[PDB]
$ cat target_33.cif   # mmCIF, C-alpha atoms and all ligand atoms
data_start
#
loop_
_atom_site.label_atom_id
_atom_site.label_comp_id
_atom_site.auth_asym_id
_atom_site.auth_seq_id
_atom_site.Cartn_x
_atom_site.Cartn_y
_atom_site.Cartn_z
CA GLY A 1 0.00 0.00 0.00
CA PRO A 2 1.53 3.27 -1.24
CA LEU A 3 1.10 5.43 1.86
CA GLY A 4 0.49 9.13 1.31
CA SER A 5 -0.46 10.57 4.71
CA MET A 6 2.59 12.16 6.34
CA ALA A 7 2.51 12.19 10.15
CA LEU A 8 -0.49 11.55 12.38
CA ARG A 9 -3.23 14.10 13.04
CA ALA A 10 -3.91 14.83 16.71
CA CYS A 11 -5.62 17.48 18.83
CA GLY A 12 -5.41 18.32 22.51
CA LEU A 13 -7.12 20.81 24.82
CA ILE A 14 -5.21 23.17 27.09
CA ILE A 15 -7.75 23.54 29.87
CA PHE A 16 -7.49 26.26 32.50
CA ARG A 17 -9.70 27.08 35.49
CA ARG A 18 -10.05 30.86 35.85
CA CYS A 19 -10.65 31.97 39.44
CA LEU A 20 -13.01 34.84 40.29
CA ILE A 21 -10.67 37.55 41.60
CA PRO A 22 -6.84 37.60 41.96
CA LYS A 23 -5.15 36.75 45.26
CA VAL A 24 -1.48 37.75 45.43
CA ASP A 25 -1.72 39.55 42.08
CA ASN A 26 0.57 36.83 40.70
CA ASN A 27 -1.23 33.58 39.88
CA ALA A 28 -4.92 33.09 39.08
CA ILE A 29 -5.26 30.57 36.27
CA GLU A 30 -4.65 26.82 36.38
CA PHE A 31 -4.25 24.06 33.78
CA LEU A 32 -5.73 20.56 33.56
CA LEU A 33 -3.14 17.80 33.17
CA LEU A 34 -3.41 14.05 32.62
CA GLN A 35 -0.59 11.71 33.67
CA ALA A 36 0.19 8.93 31.20
CA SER A 37 -0.82 5.40 32.20
CA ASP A 38 2.71 4.20 31.41
CA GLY A 39 6.12 5.14 30.06
CA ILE A 40 7.68 8.23 31.61
CA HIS A 41 4.35 9.06 33.26
CA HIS A 42 4.51 12.47 31.60
CA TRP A 43 1.71 14.99 32.12
CA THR A 44 -0.26 16.25 29.13
CA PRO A 45 -3.78 17.59 28.42
CA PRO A 46 -6.55 15.47 26.81
CA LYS A 47 -5.18 14.81 23.32
CA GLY A 48 -7.00 12.78 20.69
CA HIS A 49 -6.53 11.42 17.18
CA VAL A 50 -8.32 13.76 14.77
CA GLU A 51 -9.44 12.07 11.56
CA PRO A 52 -9.35 13.74 8.10
CA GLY A 53 -13.14 13.79 8.17
CA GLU A 54 -13.29 14.85 11.82
CA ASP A 55 -12.94 18.40 13.12
CA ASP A 56 -9.76 19.83 14.60
CA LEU A 57 -11.05 21.29 17.87
CA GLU A 58 -13.68 18.54 18.18
CA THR A 59 -10.94 15.91 18.46
CA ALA A 60 -9.51 18.10 21.21
CA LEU A 61 -12.98 18.56 22.69
CA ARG A 62 -13.96 14.89 22.65
CA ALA A 63 -10.54 13.93 23.99
CA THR A 64 -11.21 16.33 26.86
CA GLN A 65 -14.45 14.64 27.89
CA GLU A 66 -12.98 11.28 26.87
CA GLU A 67 -9.81 11.70 28.94
CA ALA A 68 -11.28 14.12 31.50
CA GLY A 69 -15.06 13.89 31.26
CA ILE A 70 -15.19 17.61 30.47
CA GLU A 71 -16.69 18.68 27.14
CA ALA A 72 -16.72 21.99 25.27
CA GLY A 73 -20.00 22.62 27.06
CA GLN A 74 -18.24 22.23 30.41
CA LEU A 75 -15.35 24.49 29.38
CA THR A 76 -14.67 27.59 27.29
CA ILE A 77 -12.55 27.24 24.17
CA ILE A 78 -10.77 30.55 23.64
CA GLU A 79 -10.64 31.76 20.05
CA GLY A 80 -7.63 33.33 18.37
CA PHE A 81 -5.12 30.98 19.99
CA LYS A 82 -3.88 27.93 18.08
CA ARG A 83 -0.65 25.94 18.17
CA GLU A 84 0.21 22.35 17.28
CA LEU A 85 3.05 20.15 18.49
CA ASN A 86 4.83 18.04 15.87
CA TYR A 87 7.09 15.18 16.93
CA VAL A 88 7.65 11.49 16.24
CA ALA A 89 6.63 9.56 19.35
CA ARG A 90 7.17 5.81 18.90
CA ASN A 91 7.86 5.97 15.17
CA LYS A 92 5.38 8.46 13.71
CA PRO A 93 5.16 12.30 13.98
CA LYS A 94 1.98 13.33 15.73
CA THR A 95 0.56 16.81 15.16
CA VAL A 96 -1.08 17.95 18.38
CA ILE A 97 -3.18 21.09 18.17
CA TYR A 98 -3.92 22.95 21.39
CA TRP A 99 -6.81 25.22 22.31
CA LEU A 100 -7.32 27.16 25.54
CA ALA A 101 -10.37 26.04 27.51
CA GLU A 102 -11.83 27.13 30.84
CA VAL A 103 -13.96 24.66 32.81
CA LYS A 104 -17.07 26.31 34.27
CA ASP A 105 -16.70 24.20 37.41
CA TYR A 106 -13.76 24.47 39.79
CA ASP A 107 -14.42 20.99 41.13
CA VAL A 108 -15.69 19.89 37.70
CA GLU A 109 -15.89 16.13 37.22
CA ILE A 110 -12.74 14.42 36.03
CA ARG A 111 -13.36 11.30 33.97
CA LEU A 112 -10.10 9.92 32.58
CA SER A 113 -9.58 7.05 30.14
CA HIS A 114 -7.23 4.07 29.76
CA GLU A 115 -4.62 6.46 28.37
CA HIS A 116 -4.66 8.33 31.69
CA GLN A 117 -4.54 6.98 35.24
CA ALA A 118 -4.39 10.34 37.02
CA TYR A 119 -4.77 14.09 36.50
CA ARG A 120 -3.74 17.39 38.09
CA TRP A 121 -4.55 21.10 38.23
CA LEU A 122 -1.58 23.48 38.31
CA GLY A 123 -0.48 26.87 37.03
CA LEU A 124 2.05 27.52 34.29
CA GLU A 125 5.16 26.84 36.39
CA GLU A 126 3.85 23.50 37.61
CA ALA A 127 2.04 22.56 34.42
CA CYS A 128 5.46 23.17 32.91
CA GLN A 129 7.31 21.33 35.68
CA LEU A 130 5.27 18.19 35.07
CA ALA A 131 5.09 18.69 31.31
CA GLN A 132 8.90 18.53 31.17
CA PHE A 133 8.38 18.18 27.43
CA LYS A 134 9.43 21.56 26.01
CA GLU A 135 6.65 21.41 23.43
CA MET A 136 4.05 21.28 26.21
CA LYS A 137 5.83 23.82 28.40
CA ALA A 138 5.29 26.15 25.45
CA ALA A 139 1.66 25.23 24.79
CA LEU A 140 0.83 26.09 28.39
CA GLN A 141 3.25 29.02 28.18
CA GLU A 142 1.53 30.67 25.23
CA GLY A 143 -1.84 29.86 26.77
CA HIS A 144 -1.35 32.14 29.76
CA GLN A 145 0.51 34.55 27.49
CA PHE A 146 -2.41 34.90 25.08
CA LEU A 147 -5.22 34.88 27.65
CA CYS A 148 -3.41 37.72 29.42
CA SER A 149 -3.80 39.68 26.17
CA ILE A 150 -7.58 39.24 26.15
CA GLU A 151 -10.11 40.17 28.85
CA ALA A 152 -12.77 37.57 29.64
CA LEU A 153 -15.07 37.06 26.64
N1 LIG A 201 5.88 16.78 23.27
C1 LIG A 201 6.37 15.58 22.96
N2 LIG A 201 7.30 15.50 21.98
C2 LIG A 201 7.79 14.29 21.66
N3 LIG A 201 7.48 13.10 22.17
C3 LIG A 201 6.56 13.22 23.13
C4 LIG A 201 5.96 14.39 23.58
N4 LIG A 201 5.05 14.12 24.58
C5 LIG A 201 5.11 12.82 24.73
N5 LIG A 201 6.00 12.21 23.88
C6 LIG A 201 6.31 10.79 23.75
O1 LIG A 201 5.70 10.31 22.57
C7 LIG A 201 5.14 8.99 22.81
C8 LIG A 201 3.64 9.07 22.64
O2 LIG A 201 3.03 7.87 23.11
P1 LIG A 201 2.14 6.97 22.14
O3 LIG A 201 2.42 7.34 20.73
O4 LIG A 201 2.43 5.58 22.59
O5 LIG A 201 0.82 7.54 22.51
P2 LIG A 201 -0.36 7.04 23.25
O6 LIG A 201 -0.77 5.76 22.62
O7 LIG A 201 -1.28 8.21 23.22
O8 LIG A 201 -0.08 6.79 24.69
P3 LIG A 201 -0.39 5.64 25.58
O9 LIG A 201 0.55 4.53 25.31
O10 LIG A 201 -0.04 5.99 26.98
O11 LIG A 201 -1.78 5.21 25.25
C9 LIG A 201 5.61 8.59 24.20
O12 LIG A 201 6.82 7.85 24.15
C10 LIG A 201 5.79 9.93 24.90
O13 LIG A 201 6.78 9.86 25.90
#

$ encode --input "target_33.cif" --output "structure tokens" --more "lines below"
Ligand SMILES: Nc1ncnc2c1ncn2[C@@H]1O[C@H](COP(=O)(O)OP(=O)(O)OP(=O)(O)O)[C@@H](O)[C@H]1O
Amino acid sequence: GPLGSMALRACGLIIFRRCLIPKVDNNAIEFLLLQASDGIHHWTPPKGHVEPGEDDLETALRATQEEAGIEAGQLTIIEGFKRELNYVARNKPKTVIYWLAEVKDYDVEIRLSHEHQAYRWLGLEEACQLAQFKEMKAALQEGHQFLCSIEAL
């Protein structure tokens, strides 16, 4: 079979819980993270495998509720921000698109999948500390960077 599709299409959701008012005027926003069920036990947001016929954000949305139980209706996908991570995992480059999302519930339900055994809620520093992977450290980095350029929507 003469393959023609280069790399694998993926889509994740960079979730962030926005608190009411600021505390120490430093932090305020958090990020949802899902620890891998094996390997290096790295922490990454709900990423899915978007199909050519499937939508980009949807794959990231479904993956959210699939690997976190939270759907677009339970969060808030911020528009204007879009970045994808390209890298060959086992032996195939996966393109992971990331969208900023804010869960309406602070204690929102967290329904993970087989691909995730645990999750966490941390800011940029921590989300970056766990997501040792530079690519992710950036996704979460730009997230807070962009959101800080908006207002609330
Ligand atoms: N940002 C990244 N850049 C490059 N490689 C990464 C990045 N994040 C994770 N990886 C690695 O890429 C691989 C992705 O795992 P795999 O392709 O097996 O996905 P998966 O099937 O979604 O995961 P799982 O086995 O846990 O179900 C792992 O070895 C992981 O450590």

$ axis_aligned_box --input "target_33.cif" --around "range 114-117 of chain A" --padding-each-side "8 Å" --output "lines of an AutoDock Vina configuration file"
center_x = -5.9
center_y = 6.2
center_z = 31.8
size_x = 18.7
size_y = 20.3
size_z = 22.9

$ closest_atom_pairs --input "target_33.cif" --of "chain A" --to "ligand LIG 201 (chain A)" --cutoff "10 Å" --atoms "all atoms listed in the file" --output "CSV"
residue,atom,partner,partner_atom,distance
A:8,CA,A:LIG201,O3,9.8
A:10,CA,A:LIG201,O7,9.6
A:35,CA,A:LIG201,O10,8.8
A:36,CA,A:LIG201,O10,5.1
A:37,CA,A:LIG201,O10,5.3
A:38,CA,A:LIG201,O10,5.5
A:39,CA,A:LIG201,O13,6.3
A:40,CA,A:LIG201,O13,6.0
A:41,CA,A:LIG201,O13,7.8
A:42,CA,A:LIG201,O13,6.7
A:43,CA,A:LIG201,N4,8.3
A:44,CA,A:LIG201,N4,7.3
A:46,CA,A:LIG201,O7,9.7
A:47,CA,A:LIG201,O7,7.7
A:48,CA,A:LIG201,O7,7.7
A:49,CA,A:LIG201,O7,8.6
A:84,CA,A:LIG201,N1,10.0
A:85,CA,A:LIG201,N1,6.5
A:86,CA,A:LIG201,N2,7.1
A:87,CA,A:LIG201,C2,4.9
A:88,CA,A:LIG201,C2,6.1
A:89,CA,A:LIG201,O1,3.4
A:90,CA,A:LIG201,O3,5.3
A:91,CA,A:LIG201,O3,7.9
A:92,CA,A:LIG201,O3,7.7
A:93,CA,A:LIG201,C2,8.4
A:94,CA,A:LIG201,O3,7.8
A:95,CA,A:LIG201,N2,9.7
A:96,CA,A:LIG201,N1,8.6
A:113,CA,A:LIG201,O11,9.4
A:114,CA,A:LIG201,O11,7.2
A:115,CA,A:LIG201,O11,4.4
A:116,CA,A:LIG201,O10,7.0
A:117,CA,A:LIG201,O10,9.5
A:131,CA,A:LIG201,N4,8.1
A:132,CA,A:LIG201,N1,8.6
A:133,CA,A:LIG201,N1,5.1
A:134,CA,A:LIG201,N1,6.6
A:135,CA,A:LIG201,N1,4.7
A:136,CA,A:LIG201,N1,5.7
A:137,CA,A:LIG201,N1,8.7
A:138,CA,A:LIG201,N1,9.6
A:139,CA,A:LIG201,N1,9.6

$ atom_distance --input "target_33.cif" --atom1 "CA of residue 16 in chain A" --atom2 "CA of residue 80 in chain A"
15.8 Å

$ residues_around --input "target_33.cif" --residues "residue 105 in chain A" --least-positions-apart "6" --cutoff "10 Å" --atoms "only C-alpha atoms" --output "list in words"
residues 17, 18, 70, 74 and 75 of chain A

$ write_last_selection --input "target_33.cif" --atoms "C-alpha atoms" --output "PDB file, in the frame of the given file"
ATOM      1  CA  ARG A  17      -9.700  27.080  35.490  1.00  0.00           C
ATOM      2  CA  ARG A  18     -10.050  30.860  35.850  1.00  0.00           C
ATOM      3  CA  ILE A  70     -15.190  17.610  30.470  1.00  0.00           C
ATOM      4  CA  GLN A  74     -18.240  22.230  30.410  1.00  0.00           C
ATOM      5  CA  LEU A  75     -15.350  24.490  29.380  1.00  0.00           C
TER       6      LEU A  75
END

$ closest_residue --input "target_33.cif" --among "A:9, A:111, A:144, A:82" --to "residue 66 in chain A" --atoms "all atoms listed in the file"
A:111

$ closest_residue --input "target_33.cif" --among "A:103, A:29, A:15, A:127" --to "residue 73 in chain A" --atoms "all atoms listed in the file"
A:103

$ atom_distance --input "target_33.cif" --atom1 "CA of residue 106 in chain A" --atom2 "CA of residue 32 in chain A"
10.9 Å

$ closest_residue --input "target_33.cif" --among "A:61, A:50, A:124, A:141" --to "residue 26 in chain A" --atoms "only C-alpha atoms"
A:124
